[PDB]
Amino acid sequence: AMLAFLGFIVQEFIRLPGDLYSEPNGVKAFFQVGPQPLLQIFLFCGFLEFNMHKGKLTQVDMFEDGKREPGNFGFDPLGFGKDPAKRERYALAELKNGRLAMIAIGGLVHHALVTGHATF
Amino acid sequence: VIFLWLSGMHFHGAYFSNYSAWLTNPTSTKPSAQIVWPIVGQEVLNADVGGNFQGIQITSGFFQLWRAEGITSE
Amino acid sequence: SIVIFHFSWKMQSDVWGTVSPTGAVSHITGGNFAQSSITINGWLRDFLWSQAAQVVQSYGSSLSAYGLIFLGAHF
Amino acid sequence: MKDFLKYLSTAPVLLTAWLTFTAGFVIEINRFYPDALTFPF
Amino acid sequence: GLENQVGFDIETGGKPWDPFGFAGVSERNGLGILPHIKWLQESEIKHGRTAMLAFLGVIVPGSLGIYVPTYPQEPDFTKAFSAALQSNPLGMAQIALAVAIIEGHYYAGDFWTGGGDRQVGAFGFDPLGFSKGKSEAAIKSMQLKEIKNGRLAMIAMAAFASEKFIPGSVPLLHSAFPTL
Amino acid sequence: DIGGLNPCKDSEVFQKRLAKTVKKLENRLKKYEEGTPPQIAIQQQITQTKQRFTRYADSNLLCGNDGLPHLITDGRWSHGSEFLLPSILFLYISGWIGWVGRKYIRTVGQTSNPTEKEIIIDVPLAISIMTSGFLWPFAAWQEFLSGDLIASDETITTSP
Amino acid sequence: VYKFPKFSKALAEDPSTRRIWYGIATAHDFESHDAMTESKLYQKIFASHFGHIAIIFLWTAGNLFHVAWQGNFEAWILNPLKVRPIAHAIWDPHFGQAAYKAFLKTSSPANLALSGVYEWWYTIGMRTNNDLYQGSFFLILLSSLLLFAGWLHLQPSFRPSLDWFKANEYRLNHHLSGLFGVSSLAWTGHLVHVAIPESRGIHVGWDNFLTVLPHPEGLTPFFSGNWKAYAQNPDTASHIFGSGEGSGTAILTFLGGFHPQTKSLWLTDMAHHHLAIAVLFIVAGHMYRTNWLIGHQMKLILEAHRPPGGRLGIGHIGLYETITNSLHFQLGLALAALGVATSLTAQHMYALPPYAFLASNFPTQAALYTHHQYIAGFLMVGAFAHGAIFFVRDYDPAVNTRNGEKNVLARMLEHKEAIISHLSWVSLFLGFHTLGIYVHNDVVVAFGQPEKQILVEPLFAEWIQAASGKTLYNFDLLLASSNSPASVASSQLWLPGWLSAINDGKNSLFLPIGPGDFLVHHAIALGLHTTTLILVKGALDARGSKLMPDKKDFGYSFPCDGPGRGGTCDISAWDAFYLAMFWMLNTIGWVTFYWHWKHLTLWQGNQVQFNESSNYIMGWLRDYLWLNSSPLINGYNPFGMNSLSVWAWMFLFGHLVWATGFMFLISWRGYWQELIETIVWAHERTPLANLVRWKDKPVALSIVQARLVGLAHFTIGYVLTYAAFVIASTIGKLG
Ligand code: CLA
Ligand code: CLA
Ligand code: CLA
Ligand SMILES: CC(/C=C/C=C(C)/C=C/[C@@]12O[C@]1(C)C[C@@H](O)CC2(C)C)=C\C=C\C=C(C)\C=C\C=C(C)\C=C\[C@@]12O[C@]1(C)C[C@@H](O)CC2(C)C
Ligand SMILES: CC1=C(/C=C/C(C)=C/C=C/C(C)=C/C=C/C=C(C)/C=C/C=C(C)/C=C/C2=C(C)CCCC2(C)C)C(C)(C)CCC1
Ligand SMILES: CC1=C(C/C=C(\C)CCC[C@H](C)CCC[C@H](C)CCCC(C)C)C(=O)c2ccccc2C1=O
């Protein structure tokens with residue numbers, strides 16, 4: 001939801017060169033872009049899902065052996081989180097921002113549906 | 001259960017029927033008290049029962065019974 | 001089943017119908033019960049086959065549900 | 001509400017709920033996209 | 001079983017590459033309905049050798065223009081077979097007979113259930129003493145080179161077929177074989 | 001074209017069918033009054049009929065001599081949206097259903113009262129298994145490889 | 001109460017009427033008779049075979065005599081397309097004047113002949129009511145021969161032993177070569193000598209046959225090797241059958257297709273066919289070993305056929321002794337082959353009519369196809385029933401097993417669960433989806449939107465039609481192409497005749513097909529698979545199951561195993577046959593309904609009626625049954641009657657017998673025993689009737705007997721009502 005909210009705000013502002021990528025409205029951009037770019041995103045997200053969870057992808061398969069902190073993919077290239085004191089605060093901030101972004105992603109999508117122009 | 005069934009019959013007569021139109025023309029309007037939703041092409045079941053109404057013709061005689069009861073309004 | 005068949009055919013053939021303004025009575029089937037309900041072939045043809053015409057020709061009309069239920073009840 | 005939820009977990013109630021939900025989303029797909037003889041794509 | 005067979009190298013880690021576990025389905029349920037690993041390896045060698053020969057046979061005639069004298073000058077593998085089938089029927093008949101004889105002598109039918117006197121792609125056939133006297137590791141390395149080149153030729157021929165069927169499937173292909 | 005059929009966009013009998021259906025619907029529409037709900041319903045019927053006929057015309061659909069869309073299910077991808085894509089969709093959904101059913105049967109089969117958990121479903125475990133069926137093609141070709149998909153000789157056999 | 005079941009003392013001691021009922025139904029089960037040996041079994045079967053062939057020949061002689069005496073064969077010769085053949089005259093005292101007038105044909109009331117014997121006898125060269133009489137005389141003589149042989153081979157010095165009966169190689173050599181090849185050779189001789197000139201106006205009878213050359217060159221080309229001379233100058237395209245106008249001199253040709261006038265196969269084509277078949281079968285009859293040291297020993301052939309890798313177990317090692325020592329295995333094989341053969345006859349005698357003017361005889365076409373398909377279903381069910389009987393009473397696991405490993409037949413009982421499960425899966429698959437598509441079409445058409453129908457073009461079957469030369473589906477495949485090697489190869493032999501016939505809208509050769517054909521073929525496949533499932537399940541489960549692991553100890557036919565273990569109704573293998581008879585009747589009904597409706601639409605010209613209405617069930621019910629039943633039911637009305645009155649009476653009779661079968665099937669015993677006890681008390685306690693008492697105690701029919709009687713009523717009513725419907729509908733619709 002956070003990535004998708006940022007995607008809305010950037011899409012209506014920046015956009016890519018080309019006739020396909022010329023819709024400030026995210027909902028209408030979902031249709032104008034066509035199925036080919038979207039299906040590639042779907043397949044890439046699937047590849048990511050497979051490799052990040054290392055095969056065990058389902059509710060019964062994941063956490064079957066334990067030893068898996070929920071949400072812990074080990075992704076930390078920039079090194080933020082070495083200090084354990086701020087780690088808990090960062091986790092809480094991520095959770096709160098994620099919830100707020102779920103609410104906001106619903107809000108933006110439904111604004112685009114009831115008005116049709118953009119978010120602004 | 002029987003009372004619920006009777007309540008359903010009376011509710012259909014009140015809301016999804018041409019009872020008022022049938023009262024003014026009993027001999028030329030066919031009693032109908034069930035309209036069919038327009039899905040999968042099933043709306044053809046809504047027949048020309050008369051009285052500016054579309055629905056399934058009713059053969060349970062509720063319209064005649066209600067008229068015999070003196071019921072003149074939905 | 002025999003009772004309701006007797007009722008349906010007898011009423012349609014010898015009670016129900018229309019009355020002309022001069023008083024002439026014309027029935028739904030035309031009085032065929034008296035002479036054709038006395039044989040099993042008569043029941044098969046002049047009642048079952050004859051009055052089943054409306055059920056089999058109901059497709060595309062508002063009575064098509066009756067044809068569908070006819071087939072489903074056979075099934 | 002401990003045995004009522006167990007009653008709702010019985011085979012008939014669960015099958016009725018699942019079939020009602022299934023018929024519901026089928027009927028609503030056929031309402032919003034009616035007369036679909038072939039795959040939309 | 002795959003750990004002690006030629007075919008895996010650094011390109012796929014150090015383990016035998018088998019995402020679908022097709023090498024271990026022979027031991028599964030049924031007396032035999034799925035091929036043994038020996039049959040799969042013989043299919044490896046046969047398909048790879050055929051693919052290498054076919055790559056040479058689409059490159060040399062079609063591009064370089066070299067042709068057998070009394071044969072049609074068709075730089076197209078989708079029509080050359082029929083063109084030679086009509087132009088020189090005797091040559092194609094003899095080629096088919098030679099192929100049938102070679103395969104019948106080197107029959108691999110006991111490989112389906114595992115077993116047989118031969119090895120995977122043994123075939124004898126060492127005229128110019130390339131493996132006359134060599135270490136076992138050297139022979140294994142040469143076999144691995146052959147298998148990998150066969151896989152590469154398989155990929156190249158599949159790319160040829162795909163580009164002929166679906167245009168633009170291999171982007172660099174027409175820029176790497178400028179003539180048909 | 002295929003099998004002597006012709007595209008429905010150029011089938012005269014198809015357009016005759018459309019015209020006859022529309023004419024019947026309009027004749028039915030004539031016997032009602034003004035913007036009354038019956039007329040609205042009949043107009044919606046006419047609009048839906050026209051939309052359906054137009055969509056069938058522009059759908060790579062082959063029509064016979066009766067002006068009805070015929071399905072080409074020999075396997076060609078040209079008419080792949082008629083059978084092949086719905087076939088894949090059903091195979092996915094039905095494999096999902098079968099996989100979740102089998103997983104639930106095998107999961108509650110190792111508890112103290114396996115038969116009780118079949119008339120009174122463990123809704124938490126049922127929900128856990130059901131949403132895990134999206135990987136049924138992968139789960140099936142990961143349990144067959146391990147030999148956990150097929151029984152061998154504990155299965156019972158009759159006397160002969 | 002004694003001496004009737006002479007073959008069974010257990011039945012003869014029954015004090016009830018069950019002894020009489022079971023005496024009839026066990027008379028031909030010779031293996032179960034008292035004081036029974038194998039030699040007596042084979043000898044009695046041999047004599048019964050002789051009596052049976054005598055009965056067949058007497059039946060054919062009766063048909064010939066009644067056509068010669070009361071028919072109009074000679075009149076039908078001069079006008080085969082307008083004169084309706086007469087089977088036999090009618091003398092029934094119950095006729096009124098109206099019935100006499102309606103059935104009156106020429107001089108006496110008579111029945112039209114729907115057996116197609118007129119066309120068959122006309123084709124083989126019969127032109128006189130004295131030719132038919134000669135055939136009847138000869139066939140009665142042959143029947144006398146067979147009866148004498150049957151009596152003779154029960155005499156002491158002429159009764160064959162078991163070794164002679166089980167001499168497989170000798171019987172195969174003789175049957176194949178002698179029976180098939182030599183009978184085909186003699187039939188080619190007759191075809192040429194008599195039939196070929198008779199179709200060209202030259203009469204070749206039992207007087208001028210030693211002096212009338214079948215070919216002008218006269219056996220010179222055959223010995224000289226110039227066999228092409230027999231094919232030169234065939235019948236032209238303007239040849240009038242039975243007349244010399246436009247005829248030829250050839251006797252063995254390839255022409256393909258049909259005669260331009262009779263719309264039937266060329267007589268020279270069929271003579272060549274039978275000559276080739278004769279040569280092939282005579283050659284194939286020398287395969288097996290006899291007293292001259294060369295040939296095959298089939299025991300060795302069967303034993304040596306074990307795949308080396310090993311997937312059929314030990315192969316066919318124990319099959320020779322298994323088949324030889326069992327008469328039910330051989331009977332099942334013969335019945336299966338005969339069922340396939342008569343299915344072939346039905347499927348080919350309508351697409352490739354072999355008899356002159358038979359294509360235009362629509363009622364006889366329908367009657368022949370229906371008759372042969374019903375016989376085919378009966379034969380197939382009998383084959384499977386006798387396979388089950390072999391499993392119950394003749395199968396020996398020790399013979400079919402060598403050192404633990406099982407042979408090809410014994411392994412069928414190891415994966416029996418797999419076979420039954422997959423038959424069940426196929427049946428459920430086909431039924432679910434055929435019914436789903438049919439009901440989808442029903443609902444969609446009923447709602448007034450036929451465009452939403454699911455109509456699958458039978459491309460696979462249309463592909464086959466194009467492969468044989470039909471240029472209707474634009475496939476350009478093998479014979480639809482003039483450049484394919486398949487066409488260039490026969491462009492000079494039989495394509496011009498074959499292509500001219502396959503690409504013709506008036507033929508039944510490769511009838512054009514559509515989505516309705518697809519759906520009905522899937523229905524036929526479902527019926528075949530379900531009947532096979534029932535029969536195979538009964539055969540494999542005959543020796544036992546989980547519910548009855550000792551079913552072999554109770555025999556092929558027993559009522560049940562009791563109400564214990566949850567209930568064991570219809571658990572015997574006989575009950576599987578009994579259940580599969582309904583499915584066979586249903587499948588044959590579907591096949592015959594499809595054939596008859598397709599051909600009624602083809603003959604009437606409204607083939608668009610079938611192509612549109614055959615995709616949904618109400619289409620069938622309204623346009624086949626309800627539509628074509630109108631002429632039949634009006635065979636007699638309160639106003640009069642027609643010659644179709646007998647067919648309406650048979651229609652009602654079939655319905656009545658069907659519902660009496662319903663009686664015997666729904667209501668079981670126990671309810672009929674107490675009622676019979678009440679009747680017994682009433683008879684015993686009434687004056688003026690106490691003077692009369694039964695000798696056999698009246699009891700209710702047994703469970704198995706009741707099932708058989710209900711099945712017999714069901715089947716007889718089914719057959720009678722459908723025969724009446726098809727015949728009367730064809731006659732009353734197509735003039
Ligand atoms: C029924 C088919 C059949 C069978 C059982 C055999 C059997 C044999 N062949 Mg052989 N062969 C066949 C067809 C067959 N052939 C055909 C069509 C050709 C091409 C002309 C050859 C060419 C051939 C050569 C060149 C040689 C053999 C050899 C052999 C022998 C052992 C080596 C071997 O199998 O490798 C050869 C294996 C094959 C050629 C594979 C053939 C696969 C066939 C075509 C598949 C048919 C199966 C199919 C389901 C049948 C349908 C049945 C029905 C529906 C019609 C063995 C006796 C060798 C020999 O003589 O040893 C001394 C040998 O050198 N075969
Ligand atoms: C040449 C010598 C000869 C001949 C002519 C016969 C003839 C006959 N024997 Mg016989 N027999 C012989 C030698 C011979 N036998 C010897 C040497 C032995 C001792 C070893 C026996 C032992 C023997 C026994 C024990 C019995 C007979 C029986 C019979 C009769 C079989 C019933 C019948 O009428 O079939 C007539 C059949 C035809 C005219 C031909 C049938 C045509 C078929 C159905 C068509 C097939 C075409 C095609 C293949 C269909 C498939 C299509 C294709 C594409 C696959 C028949 C008359 C039986 C009988 O009834 O006894 C009285 C019997 O029980 N025989
Ligand atoms: C040439 C073929 C052939 C042969 C030789 C046999 C021979 C045999 N069968 Mg068999 N069978 C056959 C075909 C054959 N069958 C077919 C086609 C079927 C499937 C229908 C069967 C089904 C079958 C079963 C299920 C059983 C046998 C049994 C038997 C054995 C005892 C027969 C007996 O007791 O008769 C008894 C004869 C009768 C009871 C007479 C029945 C007459 C029927 C009801 C028709 C009469 C009505 C008639 C049409 C009236 C017309 C009505 C009018 C108003 C129009 C015997 C070895 C039995 C056995 O124990 O085998 C070991 C057994 O259980 N068979
Ligand atoms: C995300 C969301 C919807 C996202 C939709 C998307 C992406 C749709 C994409 C598409 O449409 C397009 C673009 C094109 C279509 O053709 C295809 C699809 C692909 C379908 C809705 C969220 C919807 C989110 C909703 C409705 C949230 C409701 C939250 C409530 C009520 C919270 C209440 C509380 O927070 C308070 C008020 C106080 C707290 O203390 C207590 C509680 C009770 C927790
Ligand atoms: C139970 C049992 C039994 C019985 C069984 C049965 C009854 C079976 C049946 C069977 C059957 C009934 C089978 C069938 C078969 C068939 C087939 C096998 C066919 C084939 C065909 C073919 C192969 C063809 C081909 C072709 C084509 C397609 C085209 C044209 C040409 C040709 C020829 C090539 C017995 C007694 C034995 C024993 C015991 C057990
Ligand atoms: C009606 C019926 C009866 C009663 C029918 C009986 C007892 C048959 C009555 C006699 C019939 C009508 C034949 C009568 C023949 C004459 C008496 C002449 C004698 C002929 C014999 C010598 C062969 C059963 O016994 C029965 C048993 C099990 C399941 C279902 C049923 C069942 O449905």
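Chain letters run A, B, ... following the sequence lines, proteins first and then strands; every chain starts at 1. As a basis for the values below, the full set of heavy atoms in this structure was taken, side chains included, without hydrogen atoms, waters or symmetry mates.
Summarising the geometry of A:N51 relative to A:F47, their closest heavy-atom pair is ND2-O, 2.5 Å, with the distance given to 0.1 Å.
Side chain of F:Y104 to main chain of F:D122: a donor-acceptor pair is present (N/O by atom type, distance under 3.5 Å, no hydrogens or angles). In this structure, E:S43 contributes its side chain and E:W39 its backbone to no donor-acceptor pair below 3.5 Å. Between the side chain of E:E163 and the main chain of E:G168, a donor-acceptor pair closer than 3.5 Å is present. Listed for the B:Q42 side chain is a donor-acceptor partner under 3.5 Å among the backbone atoms of B:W37. No side-chain donor-acceptor contact under 3.5 Å links F:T47 to the backbone of F:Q44. With hydrogens and angles ignored, the 3.5 Å screen pairs no side-chain donor or acceptor of A:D61 with any backbone N or O of A:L57. One N or O on the side chain of E:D18 and one on the backbone of E:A23 form a donor-acceptor pair closer than 3.5 Å. Although no hydrogens or angles enter the test, the distance criterion places no donor-acceptor pair under 3.5 Å between the side chain of F:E82 and the main chain of F:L71.
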What pairs of donor and acceptor atoms, side-chain ones from residues 169-180 of chain E against any protein atom, are under 3.5 angstrom apart with sequence neighbours left out?
from: E:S169; atom 1: OG; to: E:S162; atom 2: OG; distance (Å): 3.0
from: E:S175; atom 1: OG; to: E:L172; atom 2: O; distance (Å): 2.7
from: E:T179; atom 1: OG1; to: E:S63; atom 2: OG; distance (Å): 3.3

List, one per line, each side-chain donor-acceptor pair under 3.5 Å for residues 112-120 of chain A, sequence neighbours excluded.
from: A:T115; atom 1: OG1; to: A:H111; atom 2: O; distance (Å): 2.6
from: A:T115; atom 1: OG1; to: A:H117; atom 2: NE2; distance (Å): 3.4

Give every donor-acceptor pair under 3.5 Å between a side-chain atom in residues 3-14 of chain D and any protein atom, sequence neighbours left out.
from: D:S9; atom 1: OG; to: D:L5; atom 2: O; distance (Å): 2.8
from: D:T10; atom 1: OG1; to: D:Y7; atom 2: O; distance (Å): 2.4

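A 4.5 Å side-chain heavy-atom check between F:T73 and G:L459 finds every atom pair outside the cut-off. Looking at heavy atoms from C-beta onward, F:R76 lies in side-chain contact with F:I2 at the 4.5 angstrom threshold. Residues G:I454 and D:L37 meet the side-chain proximity criterion, which asks for heavy atoms closer than 4.5 Å. The side-chain heavy atoms of E:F8 and E:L2, taken from C-beta on, include no pair separated by under 4.5 Å. Looking only at side-chain heavy atoms (C-beta outward), G:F447 and B:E43 stay at 4.5 Å or farther from each other.
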(request) Go through A:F42 and A:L38 one step at a time and tell me if the side-chain contact (heavy atoms from CB on, under 4.5 Å) criterion holds. (result) CA-CA 6 Å; A:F42 185 74; A:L38 299 169; over 6 Å; no
(message) Please evaluate residues F:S132 and A:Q59 with respect to the criterion side chain to side chain donor-acceptor pair (under 3.5 Å), reporting the C-alpha separation (whole Å), side-chain torsions for both, the decisive distance (0.1 Å), and the verdict.
(response) CA-CA 6 Å; F:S132 59; A:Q59 180 173 355; over 6 Å; no
(request) In sequence, state the C-alpha distance, the side-chain angles, and the governing distance for E:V25 and E:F20, and then conclude on side-chain contact (heavy atoms from CB on, under 4.5 Å). (result) CA-CA 10 Å; E:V25 302; E:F20 290 179; over 6 Å; no
(request) Verify side-chain contact (heavy atoms from CB on, under 4.5 Å) between G:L455 and G:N441, making sure each step is shown before the conclusion. (result) CA-CA 9 Å; G:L455 313 170; G:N441 289 349; 4.1 Å; yes
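The side-chain contact (heavy atoms from CB on, under 4.5 Å) search around E:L152 returns none, not counting sequence neighbours. In terms of the side chain to side chain donor-acceptor pair (under 3.5 Å) criterion, F:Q110 has no residue partners (sequence neighbours excluded). Judged as a side-chain contact (heavy atoms from CB on, under 4.5 Å), and not counting sequence neighbours, the contacts of D:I27 are B:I39, D:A23. Scored by the side-chain contact (heavy atoms from CB on, under 4.5 Å) test, F:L89 finds D:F39, F:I93 as partners (sequence neighbours excluded). Evaluation of the side-chain contact (heavy atoms from CB on, under 4.5 Å) rule for D:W18 yields D:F21, D:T22, F:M130 as partners, not counting sequence neighbours.
Annotation: side chain to side chain donor-acceptor pair (under 3.5 Å) contacts involving residues 6-23 of chain A, sequence neighbours excluded, are absent. Applying the salt bridge (charged side-chain N to carboxylate O under 4.0 Å, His left out) test to every pair with at least one member in residues 24-41 of chain D, sequence neighbours left out, gives these pairs: D:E28-D:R31, D:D35-F:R52, D:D35-G:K452. Within the structure, the salt bridge (charged side-chain N to carboxylate O under 4.0 Å, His left out) test picks out no pair touching residues 39-51 of chain A (sequence neighbours left out). Each side chain to side chain donor-acceptor pair (under 3.5 Å) pair with one or both residues in residues 133-147 of chain F, not counting sequence neighbours, appears once here: F:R102-F:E143, F:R106-F:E143.
Within 6.0 Å of OH on F:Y92 lie more than 12 heavy atoms contributed by other residues, nucleotides or ligands.
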